[PDB]
Amino acid sequence: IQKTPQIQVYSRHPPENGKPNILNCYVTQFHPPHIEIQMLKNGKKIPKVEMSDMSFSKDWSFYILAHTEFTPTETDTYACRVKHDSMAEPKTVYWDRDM
Amino acid sequence: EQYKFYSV
Amino acid sequence: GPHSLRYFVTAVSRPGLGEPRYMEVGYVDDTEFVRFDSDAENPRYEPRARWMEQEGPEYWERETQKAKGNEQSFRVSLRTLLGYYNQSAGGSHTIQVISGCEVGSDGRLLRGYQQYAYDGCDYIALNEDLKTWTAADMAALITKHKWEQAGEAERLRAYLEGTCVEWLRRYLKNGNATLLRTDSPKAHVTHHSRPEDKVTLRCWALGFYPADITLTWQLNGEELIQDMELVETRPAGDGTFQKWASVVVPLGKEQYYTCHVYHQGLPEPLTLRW
Ligand SMILES: *[C@@H]1O[C@H](CO[C@@H]2O[C@@H](C)[C@@H](O)[C@@H](O)[C@@H]2O)[C@@H](O[C@@H]2O[C@H](CO)[C@@H](O)[C@H](O)[C@H]2NC(C)=O)[C@H](O)[C@H]1NC(C)=O
Ligand SMILES: *[C@@H]1O[C@H](CO)[C@@H](O)[C@H](O)[C@H]1NC(C)=O
């Protein structure tokens with residue numbers, strides 16, 4: 001049972017430059033459990049990332065959340081880099097504020 | 001509270 | 001409405017890297033409230049929800065001790081399974097368990113359960129009657145026989161009908177302001193171009209609680225359920241949830257599609273257009 005993780009990046013509130021918000025990276029449907037998750041700001045690792053909401057669905061695949069507080073800027077870019085055995089190299093998914 | 005497990 | 005107390009337990013071996021990593025995460029409904037991670041410096045059961053501050057220091061000591069004992073139990077389970085399945089000790093393996101109970105609005109037991117998985121596949125599960133187990137294979141059958149002779153079903157049933165129900169009632173009481181609340185979803189629609197001369201319409205639902213919700217797209221008053229795309233409801237970092245559902249429609253025909261949002265916090269379902 002080896003399933004590649006789905007990686008979703010989103011903010012708590014619709015983004016507004018200059019206003020405090022929360023950025024989320026939800027990694028789901030993966031197996032085995034071992035995995036590395038990093039949130040980035042302009043290509044650099046964000047230090048105070050909180051890991052939470054760890055669980056698994058009925059098919060036993062794992063789910064986990066990484067989130068941090070942030071204040072969106074027009075040009076700062078954010079992303080979530082994930083490393084899982086189902087992949088040869090780390091996968092970096094960006095925050096798409098227009099989604 | 002959590003349950004106290006014993007080996008399989 | 002109904003409420004639940006659930007524990008997700010994971011034990012993962014890692015040959016050559018030391019002892020297995022052991023984790024326990026507890027939830028009251030869709031809200032995380034306790035956690036244990038053997039990979040912490042000083043492993044201890046810790047609060048994950050504000051209202052758990054109401055439990056005294058003895059609660060934490062008690063649960064911490066229980067967790068350390070469970071960790072050992074699962075470490076032995078991992079080793080035992082290598083024997084049942086006749087597998088090499090050099091590979092990593094995983095044991096998973098969901099354990100919990102659910103009560104009705106009146107605080108009365110509705111159902112109890114506890115199921116195991118080994119490397120992502122059903123291993124053993126307690127039957128609805130809370131009296132017997134059902135094994136997925138011959139390895140689990142051995143476990144079933146051991147547990148039966150040890151009277152484990154009776155011990156587990158007592159926990160599910162007593163301890164589990166009683167603590168869930170207490171948790172709901174202490175954190176009532178958090179667990180019994182209702183946050184109404186705020187919705188909006190985004191629009192995106194497509195090469196094929198049509199557009200993608202995406203309906204967003206934000207800041208809601210509890211997690212259960214329904215998002216649909218309608219045309220001519222009928223649900224397009226089939227041809228739409230969506231993500232599973234997901235946590236947003238502050239105790240609330242969010243979700244989105246999209247549909248691909250013909251350019252110029254956007255106004256003919258409407259998004260419907262049904263939620264406990266929506267007296268009347270929301271209807272949005274682009
Ligand atoms: C949540 O319940 C409290 C009832 O007491 C609680 O008991 C503790 C175990 C813990 O859960 C704390 O929140 C409270 O101490 C409600 O507080 C009472 O509310 C009544 C109105 O029903 C009011 O007359 C009393 O003065 C309050 N009593 C105390 C001791 O504060 C609280 O209002 C509930 N909150 C929600 C959102 O339902
Ligand atoms: C266990 O597997 C090994 C191969 O790795 C094999 O030699 C041995 O016979 C197996 N034992 C049983 C009881 O199947």
# chains A, B, ... in the order shown; residues from 1 in each chain; ligands from 1

$ select_by_dssp --residues "chain A" --states "strand (DSSP E or B)" --output "CSV table (one decimal) with C-alpha atoms, in the first residue's frame"
chain,number,residue,atom,x,y,z
A,3,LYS,CA,-0.1,6.0,-2.3
A,6,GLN,CA,-2.3,15.0,-2.6
A,7,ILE,CA,-1.0,18.4,-1.6
A,8,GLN,CA,-3.3,21.4,-1.1
A,9,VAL,CA,-2.3,24.9,-0.2
A,10,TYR,CA,-4.8,27.5,0.9
A,11,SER,CA,-5.4,30.5,3.2
A,21,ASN,CA,-4.1,35.4,7.8
A,22,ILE,CA,-3.3,31.7,8.1
A,23,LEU,CA,-1.6,29.6,5.4
A,24,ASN,CA,-2.4,25.9,5.2
A,25,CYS,CA,-0.8,22.9,3.6
A,26,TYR,CA,-2.9,19.8,3.8
A,27,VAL,CA,-1.2,16.6,2.8
A,28,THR,CA,-3.6,13.7,2.2
A,29,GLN,CA,-4.2,10.2,0.9
A,30,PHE,CA,-0.6,8.9,1.4
A,31,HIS,CA,1.0,5.7,2.6
A,36,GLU,CA,8.6,15.5,5.3
A,37,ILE,CA,6.7,18.7,5.0
A,38,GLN,CA,8.0,22.3,4.8
A,39,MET,CA,6.2,25.6,4.2
A,40,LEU,CA,8.2,28.2,2.3
A,41,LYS,CA,8.1,32.0,1.9
A,44,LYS,CA,12.9,29.9,2.2
A,45,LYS,CA,11.7,27.6,4.9
A,50,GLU,CA,2.6,23.9,13.3
A,51,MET,CA,1.7,20.3,12.4
A,52,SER,CA,-1.9,19.2,13.3
A,53,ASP,CA,-5.0,17.3,12.4
A,54,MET,CA,-3.2,14.1,11.7
A,55,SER,CA,-5.6,11.2,10.9
A,56,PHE,CA,-6.5,8.5,8.4
A,62,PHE,CA,-2.9,9.3,6.1
A,63,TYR,CA,-3.9,13.0,6.4
A,64,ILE,CA,-2.0,15.8,8.1
A,65,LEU,CA,-2.0,19.6,8.2
A,66,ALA,CA,0.8,22.1,8.4
A,67,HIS,CA,-0.1,25.7,9.0
A,68,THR,CA,1.4,29.1,9.9
A,69,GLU,CA,0.2,32.6,10.4
A,70,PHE,CA,1.1,35.1,7.6
A,78,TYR,CA,4.4,30.8,-0.7
A,79,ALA,CA,4.7,27.1,-1.3
A,80,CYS,CA,4.7,23.7,0.4
A,81,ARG,CA,7.5,21.2,-0.3
A,82,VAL,CA,6.8,17.5,0.4
A,83,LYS,CA,9.1,14.5,0.5
A,91,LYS,CA,7.3,18.0,-4.7
A,92,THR,CA,6.7,21.7,-4.3
A,93,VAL,CA,3.2,23.0,-4.6
A,94,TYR,CA,2.5,26.8,-4.7

$ residues_around --residues "residue 89 (chain C)" --least-positions-apart "4" --cutoff "12 Å" --atoms "only C-alpha atoms" --output "NGL selection string"
:C and (13-16 or 78-83 or 85 or 93)

$ write_last_selection --atoms "N, CA and C atoms" --output "CSV table (one decimal), in the first residue's frame"
chain,number,residue,atom,x,y,z
C,13,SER,N,7.6,1.0,12.4
C,13,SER,CA,8.9,0.6,12.6
C,13,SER,C,9.9,1.2,11.7
C,14,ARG,N,11.2,1.3,12.1
C,14,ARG,CA,12.2,1.9,11.3
C,14,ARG,C,13.6,1.3,11.5
C,15,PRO,N,13.8,0.0,11.0
C,15,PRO,CA,15.0,-0.7,11.2
C,15,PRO,C,16.3,0.1,11.0
C,16,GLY,N,17.2,0.0,11.9
C,16,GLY,CA,18.5,0.7,11.7
C,16,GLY,C,18.4,2.1,12.3
C,78,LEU,N,4.2,-5.0,16.5
C,78,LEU,CA,5.0,-4.9,15.2
C,78,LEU,C,5.9,-6.1,15.1
C,79,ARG,N,6.6,-6.5,16.2
C,79,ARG,CA,7.5,-7.6,16.2
C,79,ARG,C,6.7,-8.9,16.0
C,80,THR,N,5.6,-9.0,16.7
C,80,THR,CA,4.8,-10.2,16.6
C,80,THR,C,4.3,-10.5,15.2
C,81,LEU,N,3.8,-9.4,14.5
C,81,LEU,CA,3.3,-9.5,13.1
C,81,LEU,C,4.4,-10.0,12.2
C,82,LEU,N,5.6,-9.7,12.4
C,82,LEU,CA,6.7,-10.2,11.6
C,82,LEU,C,6.7,-11.7,11.6
C,83,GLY,N,6.4,-12.2,12.8
C,83,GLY,CA,6.3,-13.7,13.0
C,83,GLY,C,5.1,-14.3,12.3
C,85,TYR,N,3.4,-13.1,9.8
C,85,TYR,CA,3.5,-13.0,8.3
C,85,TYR,C,4.8,-13.5,7.8
C,93,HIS,N,7.2,-1.3,8.8
C,93,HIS,CA,5.9,-1.7,8.7
C,93,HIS,C,5.0,-0.8,9.5

$ interface_residues --of "chain C" --to "chain B" --cutoff "6 Å" --atoms "only C-alpha atoms" --output "list in words"
residues 70, 73, 77 and 143 of chain C

$ write_last_selection --atoms "C-alpha atoms" --output "PDB file, in the first residue's frame"
ATOM      1  CA  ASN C  70       0.527   1.544  24.611  1.00  0.00           C
ATOM      2  CA  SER C  73       2.304  -2.782  23.394  1.00  0.00           C
ATOM      3  CA  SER C  77       2.690  -6.011  18.049  1.00  0.00           C
ATOM      4  CA  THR C 143      -4.981 -12.603  17.265  1.00  0.00           C
TER       5      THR C 143
END

$ interface_residues --of "chain C" --to "chain A" --cutoff "10 Å" --atoms "only C-alpha atoms" --output "PyMOL selection string"
chain C and resi 7-12+14+21+23-27+30-33+35+48+92-94+96-98+115-122+186+188-192+202+204+206-207+231-232+234-242+244

$ residues_near_ligand --ligand "ligand 1" --cutoff "8 Å" --atoms "only C-alpha atoms and all ligand atoms" --output "mmCIF file with N, CA and C atoms, in the first residue's frame"
data_model
loop_
_atom_site.group_PDB
_atom_site.id
_atom_site.type_symbol
_atom_site.label_atom_id
_atom_site.label_comp_id
_atom_site.auth_asym_id
_atom_site.auth_seq_id
_atom_site.Cartn_x
_atom_site.Cartn_y
_atom_site.Cartn_z
ATOM 1 N N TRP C 51 -10.004 24.160 25.829
ATOM 2 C CA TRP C 51 -10.806 23.686 26.948
ATOM 3 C C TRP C 51 -10.215 22.536 27.752
ATOM 4 N N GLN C 54 -8.994 22.597 31.519
ATOM 5 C CA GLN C 54 -9.853 22.315 32.657
ATOM 6 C C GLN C 54 -9.511 21.003 33.365
ATOM 7 N N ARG C 170 -18.094 14.431 29.380
ATOM 8 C CA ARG C 170 -17.334 15.413 30.131
ATOM 9 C C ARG C 170 -16.627 16.386 29.185
ATOM 10 N N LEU C 172 -17.476 17.212 26.112
ATOM 11 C CA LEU C 172 -18.497 18.066 25.508
ATOM 12 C C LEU C 172 -18.983 19.113 26.511
ATOM 13 N N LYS C 173 -19.011 18.748 27.786
ATOM 14 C CA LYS C 173 -19.447 19.677 28.819
ATOM 15 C C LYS C 173 -18.404 20.768 29.030
ATOM 16 N N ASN C 174 -17.152 20.371 29.228
ATOM 17 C CA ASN C 174 -16.082 21.338 29.454
ATOM 18 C C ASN C 174 -15.817 22.273 28.270
ATOM 19 N N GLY C 175 -15.860 21.730 27.055
ATOM 20 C CA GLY C 175 -15.601 22.543 25.877
ATOM 21 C C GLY C 175 -16.838 22.913 25.085
ATOM 22 N N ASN C 176 -17.973 22.936 25.768
ATOM 23 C CA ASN C 176 -19.247 23.245 25.139
ATOM 24 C C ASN C 176 -19.239 24.497 24.269
ATOM 25 N N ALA C 177 -18.528 25.536 24.698
ATOM 26 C CA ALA C 177 -18.482 26.775 23.929
ATOM 27 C C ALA C 177 -17.763 26.591 22.594
ATOM 28 N N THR C 178 -16.936 25.558 22.506
ATOM 29 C CA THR C 178 -16.182 25.287 21.292
ATOM 30 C C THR C 178 -16.835 24.179 20.475
ATOM 31 N N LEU C 180 -19.975 22.823 20.854
ATOM 32 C CA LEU C 180 -21.396 22.946 20.551
ATOM 33 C C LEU C 180 -21.754 24.156 19.699
ATOM 34 N N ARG C 181 -20.748 24.889 19.237
ATOM 35 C CA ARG C 181 -21.000 26.078 18.428
ATOM 36 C C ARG C 181 -21.316 25.728 16.980
#

$ residues_near_ligand --ligand "ligand 2" --cutoff "9 Å" --atoms "only C-alpha atoms and all ligand atoms" --output "list in words"
residues 85, 86, 87 and 88 of chain C

$ residues_around --residues "residue 132 (chain C)" --least-positions-apart "5" --cutoff "12 Å" --atoms "only C-alpha atoms" --output "list in words"
residues 113, 114, 124, 125, 126, 127, 141, 144, 145, 147, 148, 149, 151, 152, 153, 154, 155, 156 and 157 of chain C
